[PDB]
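K.L.:
take these chains first, placed just as they are in the complex:
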Amino acid sequence: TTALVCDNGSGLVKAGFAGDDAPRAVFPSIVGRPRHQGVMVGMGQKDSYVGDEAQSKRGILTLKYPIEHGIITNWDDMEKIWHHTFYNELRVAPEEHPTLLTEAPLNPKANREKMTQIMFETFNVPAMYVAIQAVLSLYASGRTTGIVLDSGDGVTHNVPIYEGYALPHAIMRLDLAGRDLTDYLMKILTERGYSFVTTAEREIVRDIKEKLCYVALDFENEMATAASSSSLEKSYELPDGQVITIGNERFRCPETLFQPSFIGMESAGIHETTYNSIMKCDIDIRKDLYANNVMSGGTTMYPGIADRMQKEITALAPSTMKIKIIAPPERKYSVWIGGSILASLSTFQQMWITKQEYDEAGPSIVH
């Protein structure tokens, strides 16, 4: 009866049944092997700790995120993620539900075949389907027109959709935010003398990337007032006991996301990739893409957006057009709140990939 929406995060894999509150389980996706000699012969050690337990056992493991630059590293670690996810979080057999899985918008072939094929043969689910994470964010806002953003550590996307059709010729996938912001924050915190190099400790960079950082309203003028002897210092306390006072770098990192020339690649900022996707749509429709600019994904949770994004777009777009950007709370779970809306509905009860048709057809059932 009830389906399961399990969202293949780039973070942060999310799992929870169909409808209607929030995901049951969210955890850092990491697998970590034990890297030092064991001297208490108890000992009960497992092949790999997943997160949560690999985030409560930091500093004695070697963290490996199973998804990197929007593609999964190997299914040897991924299947162990799956077994962990269903069993010690949700507490339900995969043989008892049609499931609903997600992938990234514009992802390499044959990563959807190899996925579809392994998951049926390993867990023997009743039926399954794969929806792209951006499209679902329409449902969470109730839109009938507008551009959708799935931005996670570390692949973002920019997809424009009109009532009620998607355009194959206007979609942009950037492998640019947010895990490159994580590496950049580590590159500019070494710049003020606090040295971080170890895999486990890299999570601490993510926790200050979450909490303390923000986006400026105008870069050049926040940079000017930063030069003052006036304080921008916020004091963090670290696990070992150490105290870090950061100022300039705090607004530098998530400002980072405009002008990717700060790293140095030729790709233009979210400012322009948003715009270049809009001006790749048909002429009459462009009118209603304005004011249906909907941000989404957890890496948009800096408090300095969306009115930075707004002030920048309104300057570049044609004059006298009413352009607003929709940014509410919930954005980290937006995609999931999409999936949640879908899987309870009819007619889409009959659009699942059923087991007999999968057996006859094989993995080549992409279209």
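P.N.:
Happy to help now that I have it. Numbers count the residues shown, from 1 in each chain, chains lettered A, B, ... in the order given.
K.L.:
what is the neighbour count of the closest residue to residue A:79 other than its chain neighbours?
P.N.:
Closest residue to residue A:79 apart from its sequence neighbours, by C-beta to C-beta, 6 or more residues apart in numbering: residue A:122 at 5.9 Å. Bear in mind the C-beta positions are built from the backbone N, C-alpha and C, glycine included. Neighbour count of residue A:122, defined by other C-beta atoms under 10 Å: 14.
K.L.:
helix or strand right after the host helix or strand of residue A:122?
P.N.:
If you go by DSSP states H and E, residue A:122 is part of helix A:111-123. Where DSSP H and E defines the elements, the next helix or strand beyond helix A:111-123 is strand A:127-128.
K.L.:
now do the next helix or strand after that next one: which elements does it pack against?
P.N.:
Next in sequence after strand A:127-128, counting helices and strands by DSSP H and E, comes strand A:130-132. Here strand A:130-132 touches strand A:99-103, helix A:111-123, going by 3 or more C-beta pairs under 8 Å, 6 or more residues apart in numbering; DSSP states H and E.
K.L.:
moving C-terminal of strand A:130-132, what's the next helix or strand?
P.N.:
Proceeding N to C from strand A:130-132, the next assigned helix or strand is helix A:137-141, under DSSP H and E.
K.L.:
Three-state assignment for residue A:203, please.
P.N.:
Following DSSP: H, G, I helix; E, B strand; the rest coil, we place residue A:203 in the helix state.
K.L.:
so it touches residue A:55, yeah?
P.N.:
Yes - at 6.9 Å, residue A:203 and residue A:55 qualify as touching, with contact defined as C-beta atoms under 8 Å.
K.L.:
shared neighbours of the two, which are they?
P.N.:
Residues touching both residue A:203 and residue A:55 (C-beta atoms under 8 Å, 6 or more residues apart in numbering) are residue A:28.
K.L.:
if we can go back for a sec, and the helix holding residue A:122, what other elements does it pack with?
P.N.:
Helix A:111-123 is packed against strand A:71-72, helix A:75-85, strand A:99-103, strand A:127-128, strand A:130-132, with contacts defined by 3+ C-beta pairs under 8 Å, 6+ apart.
K.L.:
next, the buried residues of stretch A:268-278.
P.N.:
Judged by neighbour count (16 or more other C-beta atoms under 10 Å), stretch A:268-278 contains these buried residues: A:268-275, A:277-278.
K.L.:
the following sequence is to be added as chain B:
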Amino acid sequence: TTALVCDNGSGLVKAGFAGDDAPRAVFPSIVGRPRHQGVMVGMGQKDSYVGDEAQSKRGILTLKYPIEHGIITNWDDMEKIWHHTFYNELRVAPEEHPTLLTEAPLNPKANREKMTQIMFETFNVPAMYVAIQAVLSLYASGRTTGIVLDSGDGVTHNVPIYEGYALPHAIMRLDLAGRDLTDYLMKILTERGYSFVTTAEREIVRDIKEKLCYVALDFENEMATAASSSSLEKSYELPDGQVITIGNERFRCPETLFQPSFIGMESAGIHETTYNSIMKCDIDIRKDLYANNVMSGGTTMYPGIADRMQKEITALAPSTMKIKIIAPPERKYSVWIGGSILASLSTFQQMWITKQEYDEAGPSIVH
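P.N.:
Adding chain B to the chains above:
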């Protein structure tokens, strides 16, 4: 049959079967041959006396500790130690049990090989293993995390352990306490006109190192009150009837273990070696090394630690990080009560190095 734990003291050999009370026999390792010509043709005198009888026959022997600066002098005297220990104390034959021996955490290789090999050919025991003395001090107070101290006459050590892994990078070996404290008491007791130079008499100094010393809470202020007529004088009575009156020097001898500057040697006190092993451990784990500081051995039995050690560490450690220093009673038997828990417990009942495997492999089976 029940395994036998015989601890290769730095001191002070301890011997007793696997668990659960206390060691059967303790004596301070000395061998002594008779140094003057015999004038009673009775005679009955043994070629080598071990202790207890070599500590009863003081003044007519030349005492030689077989373990000097953390290593055994030669196996000619050591084998006679062993033979006395198993046979004329514990009464059991080595042929009837697997045995358990102890070592230093860091000690000359291949003198653990040569040891293991000689002991197999001399006593022809069924099976054995060699455990490091520091690790066992976790077991004694049932800790799952924390930094371990085996400080005996004369090897100290500092090993950090995290549930239940030993960190190789941070293991620190100090060749400081306690025989150099024995020599130091003899060096500052000549300063009050009582001279002790001959081998037998050197034991008496060691015995006054046990009972009458203590460590100060604030050095500079204990030194102040010593200069006045304010009594810190305690009267000791000496083996041949003599009266010794010590003041200042009573707290001076153990204070040597802080600040090795008193000997002039280039090393840093237990204060700083504790810290220096912690700040060679991975950042996340440091949180639980604070407040799982476990002291151990017999040379930490001064009645003026750990709350000196605490007040000094608490000044150097990061601000408002809670640091519990746990020093239990029974510390002289800590190592042994550790070993006892292990060798009685399965799984490790089937993990001793056994005879058929040893005979095929040879001394390299150590690692």
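K.L.:
if we can go back for a sec, buried residues of the helix holding residue A:122, list them for me.
P.N.:
Buried residues in helix A:111-123, counted by 16 or more other C-beta atoms under 10 Å in any protein chain shown: A:112, A:115-117, A:119-120, A:123.
K.L.:
what angle separates that helix from strand A:99-103?
P.N.:
What separates the directions of helix A:111-123 and strand A:99-103 is an angle of 150 degrees, with axes from the mean of the first three to the mean of the last three C-alpha atoms, to 10 degrees.
K.L.:
and helix A:111-123 with helix A:75-85, angle?
P.N.:
Using the same axes, to 10 degrees: helix A:111-123 against helix A:75-85 is 60 degrees.
K.L.:
chain center to helix A:111-123: distance?
P.N.:
Per C-alpha atoms, centre = their mean, to the nearest Å, the displacement of helix A:111-123 from the mean C-alpha position of its chain is 22 Å.
K.L.:
next: stretch A:46-53.
P.N.:
Chain-centre distance of stretch A:46-53: 22 Å, with C-alpha atoms, centre = their mean.
K.L.:
what's the end-to-end length of that stretch?
P.N.:
11 Å (C-alpha to C-alpha, to the nearest Å).
K.L.:
now swap in stretch A:221-234 and tell me
P.N.:
End to end - C-alpha to C-alpha - stretch A:221-234 spans 20 Å.
K.L.:
buried stuff in that stretch?
P.N.:
For stretch A:221-234, using 16+ other C-beta under 10 Å, the buried residues are A:222, A:226.
K.L.:
likewise for stretch A:86-98?
P.N.:
A:86, A:89-90, A:94, A:97-98.
K.L.:
from the residues you listed, pick the one nearest chain B.
P.N.:
Nearest to chain B out of the buried residues of stretch A:86-98 is residue A:89 (C-beta to the nearest C-beta; 23.4 Å).
K.L.:
now that closest one, what are its backbone angles?
P.N.:
With angles defined as degrees, to the nearest 10, residue A:89 sits at phi -120, psi -80.
K.L.:
then residue A:65?
P.N.:
Backbone torsions for residue A:65, taken as degrees, to the nearest 10, come to phi -70, psi 130.
K.L.:
in the stretch 201-350 of chain A, mark out all the strands, start to finish.
P.N.:
A:234-237, A:243-246, A:293-294, A:325-326 (DSSP state E, counting those that start in this stretch).
K.L.:
one more chain, chain C:
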Amino acid sequence: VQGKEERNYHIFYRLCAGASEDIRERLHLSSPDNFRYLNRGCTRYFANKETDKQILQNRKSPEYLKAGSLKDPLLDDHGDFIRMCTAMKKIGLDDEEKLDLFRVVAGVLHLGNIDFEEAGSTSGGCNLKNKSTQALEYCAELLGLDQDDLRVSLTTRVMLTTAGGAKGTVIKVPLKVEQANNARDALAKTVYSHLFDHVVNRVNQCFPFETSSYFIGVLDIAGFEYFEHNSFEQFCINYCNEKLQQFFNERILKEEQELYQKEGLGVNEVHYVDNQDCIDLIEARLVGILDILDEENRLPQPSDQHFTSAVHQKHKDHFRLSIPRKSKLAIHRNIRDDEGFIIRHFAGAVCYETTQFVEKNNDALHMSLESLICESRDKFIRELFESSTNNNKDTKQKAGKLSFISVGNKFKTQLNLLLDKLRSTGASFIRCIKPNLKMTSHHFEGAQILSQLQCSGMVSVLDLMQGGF
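P.N.:
Let me add chain C to what's already shown:
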């Protein structure tokens, strides 16, 4: 440690319910919510309409105010305490000794509240809590102990260094907080254990035997009790019924072997109903499930999740054991891998969860406290923990070895003292069937009878019997 909606023993409810104010003033009782060995489960009394009027307001807990007396047509916890003392007049006990059989029971109840915090890092150890000061004073006059000597005895491990040379002495090493919670409850499972042995030995002297030779006895014990969730109490019952099932089928095959060749109806054979693979699974040395449990207590820091992964570590084979999520019945598929197991027995597949499983097993009555309750400051009490009048043990305190002592072994070892006594005797198996749920006349339930035919070992007899005579 009483499970959810369960109670303790019935003397800990009949003394609370049936005590008057001329009985409560000499024992200082209060309502069940106060005592930790009573608030853990259910605090309600069994009663009938007439006695429901007589239960005092100061004997009622918040649960008693909310849900009232429990309805049962025969149990009366207020009234049967009156009819208990009529039977103590009949059996062979006087009223002064009956009063001494109420002082020991009330001392167990005021033991059930002591708490232990962590010391102020004063050279390690644990200390008692400030709320437990008046709670120790109100317990020590019931168990006959000194309040200044008992505070040491509940916090330290007393041993000696006296065994050879030099100056020998007795040193004191304090215990950890979790070791003090397991040690405080170990005294209550020792004092009530020797009190029940004093009532049965007193009853056996009320009608003493003339001599001994042959004997015909009746063994009655709890059946194959299995519920919605199965506890540590149900793991030892279903292991006890499996061993009694081993000797049961052993006597059935032997009767057929001594009848068809003795009344001359030919020779025959059958595939015996072996349960040795189920027995080795539950109790085998080193690899068995109960063998891993008594070993698990010895580890530096006990856990219940580390115990569970070790069960399917060593039992990676054996058909009669599977993971909890594999369950035939849907209800136990909400359990996760390191939280339970399913063991097939002669009554079918019974799942057990492992939450708090190790915590209920770990008893340890150390030297400093076993050698304090034996030296009690009251005289009727010192006779209860032996040496006995006949067959005196005389265990001295000056010895060393063994400290904690095996405890997951005492439930199997004490059962082996009866199974080999049964193996030398004949047997007369009387199976009792309950026909209906309410215990009402003429009623029959084919929804209640058939489950007791399949869980009383009766099916195993019918699938062994294939004789055709």
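K.L.:
repeat for the buried residues of stretch A:86-98, accounting for chain C.
P.N.:
Within stretch A:86-98, the residues scored as buried using 16+ other C-beta under 10 Å are A:86-90, A:92-94, A:97-98.
K.L.:
can you dump the C-alpha coordinates of it into PDB?
P.N.:
The C-alpha trace of stretch A:86-98 is given here as PDB (Å, rounded to 0.1, in the frame of the first residue of the first chain):
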ATOM      1  CA  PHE A  86      16.100   0.700   5.300                       C
ATOM      2  CA  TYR A  87      17.000  -1.400   8.300                       C
ATOM      3  CA  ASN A  88      18.400   0.600  11.200                       C
ATOM      4  CA  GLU A  89      16.600   3.900  10.500                       C
ATOM      5  CA  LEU A  90      13.100   3.200   8.900                       C
ATOM      6  CA  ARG A  91      12.700  -0.400  10.300                       C
ATOM      7  CA  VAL A  92      10.800  -1.900   7.300                       C
ATOM      8  CA  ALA A  93      11.400  -4.600   4.700                       C
ATOM      9  CA  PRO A  94      11.800  -3.400   1.000                       C
ATOM     10  CA  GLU A  95       9.600  -6.300  -0.100                       C
ATOM     11  CA  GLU A  96       6.600  -4.600   1.500                       C
ATOM     12  CA  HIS A  97       6.400  -1.400  -0.500                       C
ATOM     13  CA  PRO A  98       6.600   0.200  -4.000                       C
END
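K.L.:
nearest spatial neighbour of residue C:97, skipping sequence neighbours?
P.N.:
Spatial nearest neighbour of residue C:97, chain neighbours left out: residue C:380 (7.5 Å); criterion: C-beta to C-beta, 6 or more residues apart in numbering or on different chains.
K.L.:
please confirm that that neighbour is located within a strand.
P.N.:
No - judged by three-state DSSP, residue C:380 forms no part of a strand; its state is helix.
K.L.:
residues near residue A:156, how many?
P.N.:
Residue A:156 is flanked by 28 other residues according to other C-beta atoms under 10 Å in any protein chain shown.
K.L.:
that one contacts residue A:296, correct?
P.N.:
No - taking contacts as C-beta under 8 Å, residue A:156 lies outside contact range of residue A:296: 10.2 Å.
K.L.:
name the residues contacting each of these two.
P.N.:
A:149-150 (C-beta atoms under 8 Å, 6 or more residues apart in numbering or on different chains).
K.L.:
how much space separates the single nearest residue of chain C relative to chain B from residue C:161?
P.N.:
For chain C and chain B, the shortest gap (C-beta to the nearest C-beta) falls at residue C:400, measuring 3.3 Å. Distance check for residue C:400 against residue C:161: by C-beta to C-beta, to the nearest Å, it reads 10 Å.
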